[PDB]
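Reading through the structure tokens given below for one structure.
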Amino acid sequence: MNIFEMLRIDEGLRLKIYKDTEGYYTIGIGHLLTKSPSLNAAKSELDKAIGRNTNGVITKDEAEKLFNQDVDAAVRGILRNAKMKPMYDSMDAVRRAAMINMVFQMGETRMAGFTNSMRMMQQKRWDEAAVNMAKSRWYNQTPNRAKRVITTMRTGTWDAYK
Ligand SMILES: [Cl-]
Ligand SMILES: [Cl-]
Numbered sequence: 001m002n003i004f005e006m007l008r009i010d011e012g013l014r015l016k017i018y019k020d021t022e023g024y025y026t027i028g029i030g031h032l033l034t035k036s037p038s039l040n041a042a043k044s045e046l047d048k049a050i051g052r053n054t055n056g057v058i059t060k061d062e063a064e065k066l067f068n069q070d071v072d073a074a075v076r077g078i079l080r081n082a083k084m085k086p087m088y089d090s091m092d093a094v095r096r097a098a099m100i101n102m103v104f105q106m107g108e109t110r111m112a113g114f115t116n117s118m119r120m121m122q123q124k125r126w127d128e129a130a131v132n133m134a135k136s137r138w139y140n141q142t143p144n145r146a147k148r149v150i151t152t153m154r155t156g157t158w159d160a161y162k
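Sequential numbering of the sequence shown, starting at 1, is according to the deposited numbering.
Written out as structure tokens, the structure is:
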């Protein structure tokens with residue numbers, strides 16, 4: 001179990017553009033194309049991502065490329081962050097893996113509503129951190145997967161991915 005195997009599970013593999021539970025155009029392993037009602041915008045976004053005229057479908061090899069970047073993107077923002085660096089650096093390899101998962105999924109911006117939890121976290125208040133976390137727009141649209149990341153954060157283990 002690693003970060004890639006981990007999001008892949010939670011993210012899914014789709015070679016055709018789609019909309020998430022939020023209604024946003026998306027492709028591959030959870031790669032957000034555009035929060036924009038326009039499919040065309042999404043397509044053009046897709047093409048830019050890939051650098052070729054897609055008409056909404058890609059190869060999984062293509063999927064995996066975005067996946068790399070995205071993953072890279074994530075870790076980088078954590079590490080590129082005043083508030084996050086200290087947090088990540090503070091954690092074990094697993095809870096770190098979970099941290100990437102969250103950022104990848106939501107993004108920095110949203111990540112910050114998560115400050116008290118990440119704080120409790122720093123206090124080792126897992127359980128509490130954990131119940132906190134569930135109380136969220138995030139955990140609410142996607143419980144199954146959010147339940148998994150939290151359990152992860154909480155236990156310092158991979159059981160939920162077992
Ligand atoms: Cl591990
Ligand atoms: Cl909801």
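Quick reminder that beta carbons are idealized off the backbone N, C-alpha and C, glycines included.
- [ ] Would you decide whether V57 is buried or exposed? Buried here means 16 or more other CB atoms lie within 10 Å of its CB.
- [x] Around the beta carbon of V57, a 10 Å sphere encloses fewer than 16 other beta carbons of the protein chains shown; the residue is thus reported as exposed.
- [ ] Please classify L15: does DSSP put it in a helix, a strand, or coil?
- [x] The three-state reading of DSSP puts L15 in coil, since its state is none of H, G, I, E or B.
Task: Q141 Cβ short of 7 Å to ligand 2 heavy atom set - done: Yes, Cβ of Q141 sits closer than 7 Å to a heavy atom of ligand 2.
TODO: Just tell me which of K85, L39, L15 has its CA closest to the CA of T59.
DONE: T59 has its Cα closest to that of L15, out of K85, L39, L15.
Task: Extent of the continuous beta strand (DSSP E) run through residue 163 - done: The first residue shown for the chain is 1 and the last is 162, placing residue 163 beyond what the model contains.
Open item on the list: With a threshold of 7 Å (Cβ to nearest heavy atom), would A93 be considered close to ligand 1?
Closed with: Under cutoff, so the answer is yes.
Task: Endpoints, the beta strand (DSSP E) within which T59 is located - done: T59 -> no beta strand (DSSP E), and no H or E assigned at all.
Task: Length at least 4, wholly inside the segment 86-115: the alpha helix (DSSP H) runs in chain order - done: Look at the segment 86-115 and you find these whole runs of alpha helix (DSSP H), each 4 residues long or longer: 93-106, 108-111.
TODO: Give a yes or no on contact between the segment 35-44 and the segment 116-131, applying the rule of three or more CB pairs nearer than 8 Å.
DONE: Counting C-beta pairs with one atom in each stretch, the segment 35-44 and the segment 116-131 have fewer than three that are closer than 8 Å, which means they do not touch.
Open item on the list: Suppose you measure from the CA of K147 to the CA of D70; what does that come to, to the nearest Å?
Closed with: Computed Cα separation, rounded: 22 Å.
Open item on the list: Check this for me: beta carbons of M118 and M87, under 8 Å apart or not?
Closed with: Going by C-beta atoms, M118 is nearer than 8 Å to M87.
Open item on the list: Using a Cβ-Cβ cutoff of less than 7 Å, which residues in the same chain neighbour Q141 once the five nearest sequence positions on both sides are dropped?
Closed with: Excluding sequence neighbours, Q141 sits near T21, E22.
Open item on the list: I need the straight-line Cα distance from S90 to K135, nearest angstrom please.
Closed with: The alpha-carbon of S90 is positioned some 24 Å away from that of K135.
Task: Per DSSP, the bridge partner or partners of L32 - done: Per DSSP, the beta bridge partners of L32 are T26.
Open item on the list: Here's the rule I'm using: 16 or more other beta-carbon atoms within 10 Å means buried, otherwise exposed. How should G51 be labelled?
Closed with: By the neighbour-count rule (16 or more Cβ atoms within 10 Å), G51 is not buried but exposed.
Task: With 16 other Cβ atoms within 10 Å as the buried cut-off, status of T152 - done: By the neighbour-count rule (16 or more Cβ atoms within 10 Å), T152 is buried.
Task: For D20, three-class secondary structure by DSSP - done: Assignment of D20 by DSSP, reduced to helix, strand and coil, places it in the coil class.
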